[PDB]
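A look at the structure
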Amino acid sequence: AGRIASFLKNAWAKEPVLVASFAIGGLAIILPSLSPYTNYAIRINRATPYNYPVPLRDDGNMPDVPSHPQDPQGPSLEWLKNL
Amino acid sequence: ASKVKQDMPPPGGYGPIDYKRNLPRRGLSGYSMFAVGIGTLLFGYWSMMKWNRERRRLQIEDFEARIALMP
Ligand SMILES: CCCCCCCC/C=C\CCCCCCCC(=O)O[C@H](COC(=O)CCCCCCC/C=C/CCCCCCCC)COP(=O)(O)OCCN
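Rules behind the numbers
Here the residue numbering is sequential from 1 along each chain as its sequence is written and may not follow the entry numbering; residues with no coordinates are omitted from view. Chains and ligands are labelled by the order in which they are written, letters from A for the one and numbers from 1 for the other. The structure shown is incomplete relative to its larger assembly, and all values pertain to the part shown. Side-chain measures here rest on the full set of heavy atoms in the structure, leaving out hydrogens and waters. Residues with missing side-chain atoms are left out of burial classes, side-chain pairs and their counts. UniProt positions are given in the numbering used here, feature names are shortened, and annotations may be inferred rather than shown by experiment. Contact between two residues is taken to exist if any of their heavy atoms lie within 4.5 Å; hydrogens are not considered. Throughout, the accessible surface (probe 1.4 Å) given up by two parts as they are put together, summed over both, is called the buried area. By salt bridge we mean one thing: a side-chain nitrogen of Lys or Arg within 4 Å of a carboxyl oxygen of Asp or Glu. Polar contact is the term for a pair of N or O atoms within 3.5 Å; when the atoms are in protein, one must be able to donate a hydrogen and the other to accept it, and sequence-neighboring residues count only if both atoms are side-chain atoms. Residue polarity follows a fixed list, in which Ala, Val, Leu, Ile, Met, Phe, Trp, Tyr, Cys and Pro are nonpolar, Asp, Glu, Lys and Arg are charged, and the others, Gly among them, are polar. Side-chain rings of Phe, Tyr and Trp (the six-membered ring for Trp) are treated as a pair once their centres are within 6.5 Å; stacked means planes under 30 degrees apart, edge-to-face means over 60, and tilted covers the remaining angles. Burial status follows relative accessibility: with a 1.4 Å probe on protein chains alone, a residue under 20% of its type maximum counts as buried, one over 50% as exposed, and anything between as partly exposed. Whether a charge sits over a ring depends on NZ of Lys or CZ of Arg being within 6 Å of the ring centre and within 35 degrees of the ring normal. Elements are defined by DSSP. Helices are runs of H or I of four residues or more, strands are runs of E of two residues or more, and each kind is numbered from the N terminus. By convention in this text, a residue qualifies as near a molecule or strand provided that one of its non-hydrogen atoms is within 4 Å of it. Accessible surface is estimated by sampling points in the Shrake-Rupley manner with a 1.4 Å probe; for residues, cover comes only from the protein chains shown. In the cavity and pocket records, a cavity denotes points on a 1 Å grid over the protein atoms alone where a 1.4 Å probe fits but cannot get out, a pocket denotes an open set with protein on both sides within 12 Å along at least 5 of 7 lines, and lining residues are residues with an atom within 4 Å of a point. Grid points are joined across faces, edges and corners, and a volume is the space filled by probe spheres set on the points.

Method information in the entry identifies cryo-EM as the source of the structure, with 2.6 Å recorded as the resolution.

Under the PDB entry, the name given to chain B is NADH dehydrogenase [ubiquinone] 1 alpha subcomplex subunit 13, and the source organism is Sus scrofa. The title attached to this entry in the PDB is "Active state complex I from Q1-NADH dataset".

For chain A, the PDB entry supplies the name NADH dehydrogenase [ubiquinone] 1 alpha subcomplex subunit 3 and the organism Sus scrofa. UniProt lists a comment for chain A under the heading Subunit (unreviewed entry), and it reads "Complex I is composed of 45 different subunits." The Sequence similarities (unreviewed entry) field of the UniProt record for chain A holds the comment "Belongs to the complex I NDUFA3 subunit family."

Here it is as structure tokens:
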């Protein structure tokens, strides 16, 4: 804890470029695991409709599937408009 | 038979002439420049975040228009 501080000071005095590079790399490595918006990015990626949604045949036993796009059932994007 | 006239230095003496190196300091500290750079980076990051989220919503809208028109 005392020799490494001196090593850090010497590196800052001799190779500032390497100090900055290593700090940036470590931050980029560890920050994404501690961020709450990573799952938000995943959800945004999952919400982009690249292909056509093929409808399902009504067997009369799917209350959770809407019968029209404007019905209350199905997923919602209201979380995205507040972002 | 007038007085001797010759090129000579003026009465008393010529003004002192500078010769030493003169390079003023003329700069801010490193801390200030690093702080300004990091602040600019953070401001840009936040502005880009807003704009990119808006662009994602716009892309979703256009994709939905295509989905409506596909059949
Ligand atoms: C943790 C994530 C890692 C990934 C991020 C980094 C991305 C890429 C960066 C690495 C690229 C390759 C590294 C190159 C290594 C150089 C080796 C070397 O020989 O170093 C000497 C210099 O000596 C040194 O090793 C420099 C000091 C030690 C390395 C630099 C710092 C290491 C890490 C220090 C900071 C750690 C994190 C920052 C914390 C900040 C503290 C608050 C080079 O000088 P010469 O060319 O030989 O000079 C010859 C002319 N006389």
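With that out of the way, let us pick up the interface of chain B and chain A. It is common to give the size of an interface as the accessible area lost on bringing the parts into contact. Listed by partner, the interface residues are eleven residues for chain B and 14 residues for chain A. Summed over both sides, the interface of chain B with chain A buries roughly 1,200 Å², with 69% coming from carbon and sulfur. Together, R53, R56 and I60 of chain B form the three largest contributors to the area buried by chain B at its contact with chain A, with a combined 42%. On inspection of chain B and its partner chain A, the count reaches zero salt bridges. Between the two partners, chain B and chain A, sit five residue pairs in polar contact. Here the residues of the side of chain B that touches chain A are counted per class, giving six nonpolar, one polar and four charged.

What follows concerns the packing of aromatic side chains. All names here are of chain A. Under the counting rule described, the total for this entry stands at five aromatic pairs over all chains. On the numbers, 6.1 Å between centres and 10 degrees between planes, the contact of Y37 with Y40 is stacked. Owing to a relative accessible area of 30%, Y40 belongs among the partly exposed residues under this scheme. Here the guanidinium or amino end of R43 rests over the ring plane of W79, the centre of that ring lying 4.2 Å away.

Examined against the element boundaries, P11 of chain B turns out to sit in the segment before helix 1 (30-69). In sequence terms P11 of chain B and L42 of chain B are 31 residues apart; their C-alpha atoms lie 67 Å from each other.

Turning to the site of the ligand, a few remarks are in order. Residue and element names in this part refer to chain A. Residues in contact with the ligand, as listed here, are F7, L8, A11, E15, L18, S21, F22, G25, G26 and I29. For the ligand, whose free accessible area comes to 1,300 Å², the fraction covered by protein is 38%. Those elements that place two or more of their residues in the shell around the ligand are helix 1 (3-14) and helix 2 (16-30). By residue number, the principal contributor to the shell around the ligand is helix 2, which donates six residues. Partitioning the shell around the ligand into residue classes produces six nonpolar, three polar and one charged.

So, on to the side chain of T48 of chain A. Residues and elements named next belong to chain A. With respect to the secondary-structure elements, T48 resides in the loop between helix 3 (38-46) and helix 4 (78-81). With relative accessibility at 8%, the residue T48 sits in the buried group. Side-chain polar atoms of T48 contact the backbone oxygen of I44, separated by 3.2 Å.

Of the volumes computed, that of the largest pocket is approximately 1,400 Å³. Taken together, 35 residues line the largest pocket, and the ones lying closest to its centre are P53, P66, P69 and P75 of chain A together with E64 of chain B. If you list the elements that add at least two residues to the lining of the largest pocket, you get helix 3 and helix 4 of chain A together with helix 1 of chain B. Broken down by element, the residue count for the lining of the largest pocket peaks at six residues, all from helix 1 of chain B. Looking at side-chain class alone, the lining of the largest pocket contains 19 nonpolar, six polar and ten charged residues. Roughly 330 Å³ of volume is contained in the second largest pocket. Lining the second largest pocket are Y37, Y40, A41, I44 and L83 of chain A together with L42, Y45, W46, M49, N52, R53 and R56 of chain B. Put simply, the parts of the chain that give the lining of the second largest pocket at least two residues each are helix 3 of chain A together with helix 1 of chain B. In terms of residues, the lining of the second largest pocket owes the most to one element, helix 1 of chain B, which gives seven residues. In terms of residue class, the lining of the second largest pocket is made up of nine nonpolar, one polar and two charged.

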